[PDB]
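Observations on the three-dimensional arrangement
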Amino acid sequence: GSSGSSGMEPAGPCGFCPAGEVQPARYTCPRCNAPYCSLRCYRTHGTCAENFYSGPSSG
Ligand SMILES: [Zn+2]
Ligand SMILES: [Zn+2]
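So, here's what we can say about the structure.

Definitions and limits used
Residues numbered from 1 in each chain as written, not as in the entry; some residues may be left out. Chains lettered and ligands numbered in written order. Heavy atoms only, no water. Donors = N, O, S within 2.8 Å, 3.2 Å for Na, K, Ca; no water. Tetrahedral: all angles 85-135°; square planar, octahedral: opposite > 155°, others 65-115°. Helix = DSSP H or I, 4+ residues; strand = E, 2+ residues; numbered from the N terminus. Buried < 20%, exposed > 50% of the residue type's maximum accessible area, 1.4 Å probe, protein only. Polar contact = N/O pair within 3.5 Å; in protein donor to acceptor, adjacent residues only side chain to side chain. Contact = heavy atoms within 4.5 Å.

1. Things to note about the coordination of the zinc ion (ligand 1)
The expected angle between donors at a tetrahedral four-coordinate metal is 109.5 degrees. At an octahedral six-coordinate metal it is 90 or 180 degrees. The protein atoms that coordinate the zinc ion (ligand 1) are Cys 14 (SG), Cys 17 (SG), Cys 37 (SG) and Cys 41 (SG), at distances spanning 2.3 Å. Angles of 106 to 115° at the metal separate the four donor atoms of the zinc ion (ligand 1), which places the site in the tetrahedral class. One chain supplies every donor to the zinc ion (ligand 1), and in sequence these donors are spaced C-x2-C-x19-C-x3-C. Of this pair, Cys 17 sits in the loop between strand 1 (12–14) and strand 2 (23–25) while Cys 37 sits in the loop between strand 4 (35–36) and helix 1 (39–45); the two residues are 20 residues apart in sequence, bridging distant segments of the chain. The exposure classification of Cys 17 matches that of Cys 37, with both residues buried.

And the structure:
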């Protein structure tokens, strides 16, 4: 299982999605490196966003 040089990592097939509805996860969770097709999954995969914003808004 070789590994690509360290620098720029390509996208990944959003697995969180339901079998069949596999989309190219162009983005990834900057907290858990989780490839998500869109914001929708980004929230389903995990609740990392909660402790990410880092703003005085959260309650
Ligand atoms: Zn998805
Ligand atoms: Zn995450």
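2. Focus on the side chain of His 45
Tracing the backbone shows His 45 in helix 1. Reaching out from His 45, the side chain makes a polar contact with the backbone oxygen of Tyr 42 at a distance of 2.5 Å. Discounting chain neighbours no more than four positions away, the residues touching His 45 are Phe 16, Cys 29, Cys 32 and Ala 34.

3. Some points on the coordination of the zinc ion (ligand 2)
Taken together, the protein donors to the zinc ion (ligand 2) comprise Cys 29 (SG), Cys 32 (SG), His 45 (NE2) and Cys 48 (SG), at separations of 2.0 to 2.4 Å. What the four donor atoms of the zinc ion (ligand 2) show is an angle range of 102 to 117° at the metal, which sorts the shape as tetrahedral.

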